[PDB]
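Single chain ahead, written as structure tokens, the form deposited in one PDB entry.
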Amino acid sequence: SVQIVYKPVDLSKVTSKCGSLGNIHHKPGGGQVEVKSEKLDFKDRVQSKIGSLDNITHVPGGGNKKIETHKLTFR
């Protein structure tokens, strides 16, 4: 016979405290961008991106992450 008892006990705290969060500045791509092309040949697919793309400013007041995984596998 088989007796399996799973008792994870968790009283944990991922925590933060901040008095003031501010005066943040993200300025990507302030310079000038110039692209000149003459006489090109493409025989397959083309992807182009030109300018200021996919810039992120992420300012979470908290920003706490807790990841927990439980696997109980029985053969």
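Residues that one form lacks are left out of the comparison. C-alpha atoms forming the largest set that superposes within 1.5 Å between two forms make up the rigid core. One rule holds for the numbers: they count along the sequence shown, beginning at 1.
The same protein also exists as the form deposited in another entry; that form is not shown, yet it is the one meant from here on.
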query: Residue shift check between the shown form and the other one, rigid core fit, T57 Cα at least 2 Å; finding: no
query: Distance direction in the other form for the C-alpha atoms of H25 and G51, relative to the displayed form (3 angstroms or more); finding: farther
query: Direction of the Cα shift between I24 and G51 in the other form, where the change is 3 Å or more; finding: farther
query: Regions of at least 3 residues displaced between the shown form and the other one by 2 angstroms or more (CA, core superposed); finding: 29-53
